[PDB]
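Notes for the one structure printed next.
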DNA sequence: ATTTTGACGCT
DNA sequence: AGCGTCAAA
Ligand SMILES: [Ca+2]
Ligand SMILES: [Mg+2]
Ligand SMILES: [Mg+2]
């Protein structure tokens with residue numbers, strides 16, 4: 001009752017660029033705008049592997065992970081943009097730089113946590129308090145929320161999408177108590193106003209469109225973000241949680257899309273997030289561990305406390321290349337040449353990072369996969385990273401992995417290598 | 001033969 | 001330290 005926390009203490013947004021790599025290429029090449037198009041890596045094997053897909057192409061059934069040749073079977077007029085190749089490998093520099101454009105715009109509004117190349121969490125609690133102070137009890141106009149959906153509305157006693165959006169928004173604003181500066185629903189509504197402003201700023205200053213979720217924590221903000229894409233934002237209030245979760249597959253909640261979610265479904269014999277409410281905290285801890293159990297018990301009630309971390313920059317800088325099937329590296333020379341290619345890209349990115357961000361990586365992580373291993377990585381070794389020098393880094397990586405070569409022949413490498421990975425970690429201020 | 005990434009938990 | 005999990009374009 002009066003002491004039961006409700007996880008309504010924060011306003012958190014998650015902003016996620018729509019079909020990000022596609023928008024980067026469409027900004028660059030106007031011929032691709034408003035077309036079924038996709039971004040692809042490589043080209044020789046089955047036309048290349050698709051990594052990003054415009055919504056026009058998605059209407060034909062084109063998806064990520066599809067080979068371009070097969071996507072062309074579904075969408076004959078599909079246009080393609082190729083990822084840059086440098087030093088024999090795909091190079092994602094263009095997308096990292098576009099990401100920096102968006103992250104720097106978002107950081108003007110609030111502290112952000114970079115969650116991936118194209119998405120960031122925003123802690124809007126403080127910004128909401130100031131905006132509420134400026135508003136001075138003034139009602140919030142639907143005009144301030146031109147692209148916002150209120151999850152769960154309209155409800156109760158138009159057949160077009162925008163009509164429904166406005167109906168729900170009208171119901172929500174009609175119900176709001178604007179005189180209580182401490183109302184969680186009001187705080188979320190002001191948050192959504194700020195996110196409308198953030199998203200307009202991103203589109204104005206970059207050309208890129210995005211979607212966003214606004215809620216009281218990161219998990220609900222992420223889930224909300226996905227409910228109305230593209231180019232829209234969704235507010236998930238605390239009160240919307242019971243109905244939303246009553247038919248929400250467990251796997252749709254962030255961190256439950258893999259084995260743990262599968263085990264929750266299998267062990268408990270449930271399908272939807274809301275069904276978790278029927279278990280005690282101790283029961284959930286008994287099956288999934290103390291930490292997971294406490295997290296699940298609160299999350300199924302819409303409560304999560306993971307903070308928006310103040311971190312705009314990635315914590316590691318890595319380069320990697322797979323060598324599938326017959327291309328697996330089977331000679332020492334091959335392994336050293338590709339280690340050099342990776343190390344040269346890594347050096348270029350590390351030097352840029354050091355100049356821009358006043359930091360230096362101090363550890364080099366070397367990871368390989370050997371042909372015949374189910375795991376993504378077969379082996380991981382670290383060494384000191386003391387100089388931004390590609391030849392030294394590639395030599396050091398070879399030194400830490402050379403004993404993995406079973407082969408009795410000095411010139412040959414066995415078992416052949418199907419993956420190489422170099423990652424600079426453990427940054428210190430400089 | 002999705003590939004190339006990036007964060008964080010466990011022991 | 002090294003491995004595993006979950007997630008992104
Ligand atoms: Ca996205
Ligand atoms: Mg996606
Ligand atoms: Mg994303």
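Here's the yes/no breakdown for (1) out of contact with any strand residue (DSSP E or B) (no Cβ under 9 Å at 6 or more places or on another chain); (2) crowded, with 23+ Cβ neighbours inside 10 Å; (3) farther than 26 Å from residue A:157 by Cβ:
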| position | (1), (2), (3) |
| --- | --- |
| A:168 | no, no, no |
| A:175 | yes, no, no |
| A:179 | yes, no, yes |
| A:182 | yes, no, yes |
| A:186 | yes, no, no |
| A:194 | no, no, yes |
| A:200 | yes, no, yes |
| A:203 | no, no, yes |
Restricting the stretch A:57-80 to residues that are within 16 Å of ligand 1 (Cβ to nearest atom) and surrounded by fewer than 21 Cβ atoms within 10 Å (Cβ to Cβ), the one nearest to the chain's Cα centre (by Cα) turns out to be A:64
The one condition residue A:54 fails out of (1) within 16 Å of ligand 1 (Cβ to nearest atom); (2) surrounded by fewer than 15 Cβ atoms within 10 Å (Cβ to Cβ); (3) within 30 Å of residue A:193 (Cβ to Cβ) is (2)
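Across the stretch A:228-239, what is the number of residues that are part of a loop (DSSP other than H, G, I, E, B) and surrounded by 15 or more Cβ atoms within 10 Å (Cβ to Cβ)? Steps first, answer last, please.
Of the residues in the stretch A:228-239, the ones part of a loop (DSSP other than H, G, I, E, B) are A:228-232, A:236-237.
The next check asks that each one be surrounded by 15 or more Cβ atoms within 10 Å (Cβ to Cβ); those that pass are A:228-230, A:232, A:236-237.
Adding up the residues that qualify gives 6.
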Of (1) surrounded by 20 or more Cβ atoms within 10 Å (Cβ to Cβ); (2) assigned by CATH to the domain that holds residue A:98, residue A:5 fails just (1)
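Quick test for you: out of A:203, A:196, pick the one residue that is out of contact with any helix residue (DSSP H, G or I) (no Cβ under 9 Å at 6 or more places or on another chain) and part of a helix (DSSP H, G or I).
Details: A:196 fails: out of contact with any helix residue (DSSP H, G or I) (no Cβ under 9 Å at 6 or more places or on another chain).
Exactly one of A:203, A:196 is out of contact with any helix residue (DSSP H, G or I) (no Cβ under 9 Å at 6 or more places or on another chain) and part of a helix (DSSP H, G or I), namely A:203.
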Inside the stretch A:11-47, the number of residues satisfying the requirement of being within 30 Å of residue A:305 (Cβ to Cβ) and within 15 Å of ligand 1 (Cβ to nearest atom) is 7
Per the list (1) more than 16 Å from DNA strand B (Cβ to nearest atom); (2) outside any helix (DSSP H, G or I), residue check on residue A:242 breaks on (2)
Cβ pairs under 6 Å, 6+ apart or interchain, first in the stretch A:10-21 and farther than 19 Å from residue A:148 by Cα, second in a loop (DSSP other than H, G, I, E, B) and within 9 Å of ligand 3 (Cβ to nearest atom), ordered by first then second residue, are A:20/A:118
Counting only residues in the stretch A:240-271 that are surrounded by fewer than 16 Cβ atoms within 10 Å (Cβ to Cβ) and touching a helix residue (DSSP H, G or I) at 6+ places or on another chain (Cβ under 6 Å), the one farthest from residue A:216 (Cα to Cα) is identified as A:267
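Scanning the stretch A:206-224 for residues that are part of a strand (DSSP E or B) and within 16 Å of ligand 1 (Cβ to nearest atom), which turns out nearest to residue A:186 (Cα to Cα)?
Going residue by residue through the stretch A:206-224, those that are part of a strand (DSSP E or B) are A:210-215.
Filter again for within 16 Å of ligand 1 (Cβ to nearest atom), leaving A:210-213.
Numbers: A:210: 23, A:211: 21, A:212: 18, A:213: 16 Å.
Restricting to residues being part of a strand (DSSP E or B) and within 16 Å of ligand 1 (Cβ to nearest atom), the top hit is A:213.
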message = Based on this model, can you work out whether residue A:213 counts as outside the structural domain of residue A:293 (by CATH), surrounded by 23 or more Cβ atoms within 10 Å (Cβ to Cβ), touching a strand residue (DSSP E or B) at 6+ places or on another chain (Cβ under 7 Å) and over 23 Å from residue A:133 (Cα atoms)?
response = yes
Flagged pairs (Cβ under 6 angstrom, 6 or more apart or on separate chains; first in the stretch A:106-123, closer than 17 Å to residue A:192 by Cα and not assigned by CATH to the domain that holds residue A:192; second within 11 Å of ligand 1 (Cβ to nearest atom) and assigned to a loop (DSSP other than H, G, I, E, B)) are none
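Basis: the model, the stated rules and, where named, an outside source; no laboratory instrument gave them. Neighbour counts are summed over all protein chains in view; Cβ atoms, including those assigned to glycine, are modelled from backbone coordinates with ideal geometry.
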